[PDB]
């Protein structure tokens, strides 16, 4: 029931494994990003739809094309060992004698005998001892279950024999540069996001406000989210989505909706239970296509006043300059500082209101934290990277409000972009001029 077809792509597995190995075997990277490990240990437990974003599961998606629950990988420079169930293992078997192999492929099959299975785990420990005993791990990852429990039973008592180190960033560097298929996936996701936004959301939003509909943000948000189960919606032709495999579509997160003078410009914002107010309305939404993430976010103004329109137009102008700065060879922290600098030159008054970062990288993971766009990031943008770019202003105080009105507002723009050898590609682009996103009572 709902049994899928899996095409394990042996070519892409070795291409990508080799990218990883080349960097690990680089003296610099090996010392810096991989912290001088001789092995990388990666485990994935039972499926947990509670954290969809992990280095561990991203590794799976990147190497194998899919997440394999309850499996263990031990990467070595000369060999990759994957320990899984017989049925999963048989799928991976084709990786083991490809002519274009990047490494030895060592597949260990879990059976139905506890003791044998234990012997398999014990092999892993033995491989590690034969090394410098520095083991690369992804420390922020968390997993759980039966498989994991067995592994712990075996590893934890012998674990002090080893030196566990963070090789997180060596993977990050690999994942950061997207190939042609990956970019395609992210563009697809982006296309769905912006279509839902431009078409479903703005429609709902505008009629609600118009028709004085009393709806909570959470209600509305949940309404949006439930849209995914309505495939009729995605076949709407005006949505030029005809080429999207709807069965490979998911939400990145629960859409964030905000109004009525209470805002949170962090992607971790949870949509409250307060009623939608027709003043300044923020929306963030993103889809995940074939396991690649996207994000879009927009501001809508209802009967905005002059200073509100001015601030919103300045944000648009700022984001434009942001795109322009996002080019191959640019230092990330310079980009932030240059934007801050534009504020101080033209709208210094706005500086206390300015976001502390401008988002981060995006791909398999919703957030590639190595590519956090803040002042301190010394990393350099390269062609083929993808960014989930966020820019905005918070706690903007309304000067003169009659008391049927919100004291404060915020402004936000998010788009997903690809770094090129020139100007970036803004996959999630849509008209965002004040006139596009402004509504005036009486239908103006």
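Positions refer to the first chain, counted from 1.
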Averaging only over Cα atoms, indicate whether 62-70 or 392-400 has the higher B-factor in the PDB entry.
392-400
Looking only at CA atoms, which has the higher mean B factor in the entry: 352-360 or 231-239?
231-239
Chain-wide C-alpha B factor ranking for residue 222, given as lowest, middle or highest third:
middle
Residue 14: which third of its chain by C-alpha temperature factor?
lowest
By the record's CA B-factor, is residue 383 among the lowest, middle or highest third of residues in the chain?
lowest
Lowest, middle or highest third - CA B-factor, residue 422
highest
Lowest, middle or highest third of the chain for the C-alpha temperature factor of residue 149?
middle
